[PDB]
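Before any comments, here is the structure.
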There are 2 protein chains.
Amino acid sequence: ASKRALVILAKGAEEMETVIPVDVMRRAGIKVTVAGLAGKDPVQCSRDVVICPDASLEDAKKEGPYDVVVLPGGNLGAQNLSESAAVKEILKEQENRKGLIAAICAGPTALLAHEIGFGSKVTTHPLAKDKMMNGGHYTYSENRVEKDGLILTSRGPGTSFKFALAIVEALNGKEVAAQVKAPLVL
Amino acid sequence: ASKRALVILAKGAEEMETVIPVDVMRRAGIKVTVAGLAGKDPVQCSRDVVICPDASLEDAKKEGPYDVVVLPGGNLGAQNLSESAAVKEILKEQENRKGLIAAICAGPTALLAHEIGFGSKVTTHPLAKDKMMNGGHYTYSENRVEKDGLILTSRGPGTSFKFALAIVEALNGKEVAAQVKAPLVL
């Protein structure tokens, strides 16, 4: 059986933080669905890269559950994730079934919006710390990747490989992560 | 005036090696055109990310010249670049006007196919070395980024940030590269 990942792609997402996890997880033999928040239409990312999702979020949500739900960053992408009732439902479900949730850069602020994983140790992009920490519902970390149980967080474009490999390790183990890492030239 | 980059996107391109340079160059204030080799249609990358180009290569070539021409890797993407007469013409023109050419992973093997930059020091992905070195027309390097005059090469997904920042430095200078780098959390 292979593990399955849902990557929720919204307008304004950081395209590096979208593509690096998708690509690295597919290298790991994970079945990844890139789901468009607003439907199956093309998504204009933060630096104007346009990505065609595999499915709408509407459809992808009917096909879970997923072994990981991944939230890319980008300030505007994260705001769109934070405002979505569909994202709230997916994350609550995932938390309740004790499934991994992985969020990078501003992405973890959607956890705050949806009241996910309170009491966890988290990191974010430095510029998103104050938003994440409003109310003191999480404990902050400056590690490049932080994992507290089923909440996996990371900091920015430059930590995306480490973040993606941490997802691979959580799902498929250390050996697979190491095998995937070598040909990346990291 | 802003500098201009042409990124040539072919089926089978390594999507990380496409998106990381595009995004980092746009952060640097470079005007980037993501040009589809086969036209303006969506491009299915090596790990199945689908990117919508900004323009066809046919149209983008009419709008140069460009301060850098960027060739992503991916074994199949690089083969498509290597087989294209349009790519040959663009690279020859760029070499003749003494413009930068930047290629990552298997991407530099398109330089070999098109007889570009012979006698240069280059690197590639380790698995592409033998292809690149057929005939001994280049001198090989294991540095993560190699620059010999106007030929700029790099090794793999994991060197893409360094590669992109090297392009930024070449075009816009050290200070801009350092300013762009900090918020990446590298």
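By convention here, the chains of the structure tokens are called A, B, ... in the order presented, each chain's residues are numbered starting at 1, and ligands are numbered starting at 1 in the order presented.
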Residues of chain A within 6 Å of chain B, only C-alpha atoms counted, as number ranges by chain: A: 16, 20, 23, 47, 50-52, 156-158, 184-186
Those of region 37-95 of chain A in DSSP alpha helix (DSSP H), formatted as a PyMOL selection string: chain A and resi 57-62+75-83+85-95
Would you save the residues of that selection, restricted to N, CA and C atoms, as a PDB file, in the first residue's frame?
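What ended up in selection-v9.pdb:
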```pdb
ATOM      1  N   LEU A  57     -10.195  20.910  -4.501  1.00  0.00           N
ATOM      2  CA  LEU A  57     -10.278  20.506  -3.101  1.00  0.00           C
ATOM      3  C   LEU A  57     -11.626  19.836  -2.787  1.00  0.00           C
ATOM      4  N   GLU A  58     -12.689  20.339  -3.417  1.00  0.00           N
ATOM      5  CA  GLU A  58     -13.989  19.742  -3.255  1.00  0.00           C
ATOM      6  C   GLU A  58     -13.982  18.238  -3.557  1.00  0.00           C
ATOM      7  N   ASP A  59     -13.332  17.913  -4.691  1.00  0.00           N
ATOM      8  CA  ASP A  59     -13.288  16.501  -5.068  1.00  0.00           C
ATOM      9  C   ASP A  59     -12.280  15.745  -4.249  1.00  0.00           C
ATOM     10  N   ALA A  60     -11.103  16.348  -4.023  1.00  0.00           N
ATOM     11  CA  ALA A  60     -10.069  15.646  -3.290  1.00  0.00           C
ATOM     12  C   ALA A  60     -10.486  15.317  -1.865  1.00  0.00           C
ATOM     13  N   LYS A  61     -11.311  16.184  -1.274  1.00  0.00           N
ATOM     14  CA  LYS A  61     -11.720  15.891   0.084  1.00  0.00           C
ATOM     15  C   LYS A  61     -12.624  14.657   0.177  1.00  0.00           C
ATOM     16  N   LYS A  62     -13.316  14.349  -0.896  1.00  0.00           N
ATOM     17  CA  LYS A  62     -14.195  13.205  -0.908  1.00  0.00           C
ATOM     18  C   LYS A  62     -13.429  11.875  -1.028  1.00  0.00           C
ATOM     19  N   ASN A  75       2.263  34.452   2.194  1.00  0.00           N
ATOM     20  CA  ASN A  75       1.383  35.180   3.088  1.00  0.00           C
ATOM     21  C   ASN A  75      -0.050  35.148   2.582  1.00  0.00           C
ATOM     22  N   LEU A  76      -0.287  35.365   1.288  1.00  0.00           N
ATOM     23  CA  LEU A  76      -1.657  35.450   0.732  1.00  0.00           C
ATOM     24  C   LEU A  76      -2.256  34.057   0.587  1.00  0.00           C
ATOM     25  N   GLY A  77      -1.434  33.074   0.235  1.00  0.00           N
ATOM     26  CA  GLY A  77      -1.934  31.710   0.198  1.00  0.00           C
ATOM     27  C   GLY A  77      -2.427  31.240   1.549  1.00  0.00           C
ATOM     28  N   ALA A  78      -1.625  31.501   2.593  1.00  0.00           N
ATOM     29  CA  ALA A  78      -1.988  31.117   3.948  1.00  0.00           C
ATOM     30  C   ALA A  78      -3.266  31.811   4.410  1.00  0.00           C
ATOM     31  N   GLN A  79      -3.456  33.072   4.012  1.00  0.00           N
ATOM     32  CA  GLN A  79      -4.690  33.788   4.358  1.00  0.00           C
ATOM     33  C   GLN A  79      -5.892  33.100   3.717  1.00  0.00           C
ATOM     34  N   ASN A  80      -5.740  32.722   2.446  1.00  0.00           N
ATOM     35  CA  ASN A  80      -6.831  31.988   1.779  1.00  0.00           C
ATOM     36  C   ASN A  80      -7.098  30.667   2.481  1.00  0.00           C
ATOM     37  N   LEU A  81      -6.065  29.934   2.894  1.00  0.00           N
ATOM     38  CA  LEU A  81      -6.305  28.686   3.626  1.00  0.00           C
ATOM     39  C   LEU A  81      -7.027  28.971   4.948  1.00  0.00           C
ATOM     40  N   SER A  82      -6.624  30.042   5.618  1.00  0.00           N
ATOM     41  CA  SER A  82      -7.171  30.402   6.920  1.00  0.00           C
ATOM     42  C   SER A  82      -8.641  30.757   6.860  1.00  0.00           C
ATOM     43  N   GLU A  83      -9.115  31.236   5.710  1.00  0.00           N
ATOM     44  CA  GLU A  83     -10.487  31.733   5.542  1.00  0.00           C
ATOM     45  C   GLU A  83     -11.434  30.635   5.055  1.00  0.00           C
ATOM     46  N   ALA A  85     -13.646  27.321   5.043  1.00  0.00           N
ATOM     47  CA  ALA A  85     -14.387  26.342   5.822  1.00  0.00           C
ATOM     48  C   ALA A  85     -14.021  24.904   5.431  1.00  0.00           C
ATOM     49  N   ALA A  86     -13.721  24.671   4.157  1.00  0.00           N
ATOM     50  CA  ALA A  86     -13.355  23.335   3.693  1.00  0.00           C
ATOM     51  C   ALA A  86     -12.022  22.943   4.314  1.00  0.00           C
ATOM     52  N   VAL A  87     -11.067  23.877   4.329  1.00  0.00           N
ATOM     53  CA  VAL A  87      -9.789  23.595   4.983  1.00  0.00           C
ATOM     54  C   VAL A  87      -9.974  23.309   6.478  1.00  0.00           C
ATOM     55  N   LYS A  88     -10.848  24.112   7.142  1.00  0.00           N
ATOM     56  CA  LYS A  88     -11.104  23.845   8.543  1.00  0.00           C
ATOM     57  C   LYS A  88     -11.580  22.417   8.748  1.00  0.00           C
ATOM     58  N   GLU A  89     -12.534  21.957   7.969  1.00  0.00           N
ATOM     59  CA  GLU A  89     -13.089  20.628   8.132  1.00  0.00           C
ATOM     60  C   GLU A  89     -12.029  19.562   7.890  1.00  0.00           C
ATOM     61  N   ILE A  90     -11.220  19.729   6.828  1.00  0.00           N
ATOM     62  CA  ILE A  90     -10.176  18.753   6.523  1.00  0.00           C
ATOM     63  C   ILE A  90      -9.170  18.652   7.642  1.00  0.00           C
ATOM     64  N   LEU A  91      -8.761  19.823   8.181  1.00  0.00           N
ATOM     65  CA  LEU A  91      -7.752  19.779   9.232  1.00  0.00           C
ATOM     66  C   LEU A  91      -8.294  19.197  10.530  1.00  0.00           C
ATOM     67  N   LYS A  92      -9.532  19.553  10.880  1.00  0.00           N
ATOM     68  CA  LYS A  92     -10.148  18.997  12.093  1.00  0.00           C
ATOM     69  C   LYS A  92     -10.257  17.482  12.001  1.00  0.00           C
ATOM     70  N   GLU A  93     -10.703  17.021  10.834  1.00  0.00           N
ATOM     71  CA  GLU A  93     -10.841  15.578  10.612  1.00  0.00           C
ATOM     72  C   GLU A  93      -9.475  14.938  10.795  1.00  0.00           C
ATOM     73  N   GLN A  94      -8.464  15.514  10.132  1.00  0.00           N
ATOM     74  CA  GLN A  94      -7.132  14.935  10.183  1.00  0.00           C
ATOM     75  C   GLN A  94      -6.600  14.904  11.606  1.00  0.00           C
ATOM     76  N   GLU A  95      -6.772  15.972  12.368  1.00  0.00           N
ATOM     77  CA  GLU A  95      -6.372  15.984  13.767  1.00  0.00           C
ATOM     78  C   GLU A  95      -7.112  14.900  14.538  1.00  0.00           C
TER      79      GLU A  95
END
```
Among the residues A:98, A:73, A:170, A:84, the one that comes closest to residue 124 (chain A) [using only C-alpha atoms]: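 Nearest to residue 124 (chain A): A:73.
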Top pick for closest residue to residue 110 (chain A), considering A:122, A:35, A:166, A:132 and counting only C-alpha atoms: A:132
Residues flagged strand (DSSP E or B) by DSSP in chain A, as number ranges by chain: A: 4-9, 31-36, 43-44, 50-52, 55-56, 68-71, 100-104, 121-122, 139-140, 145-148, 151-154
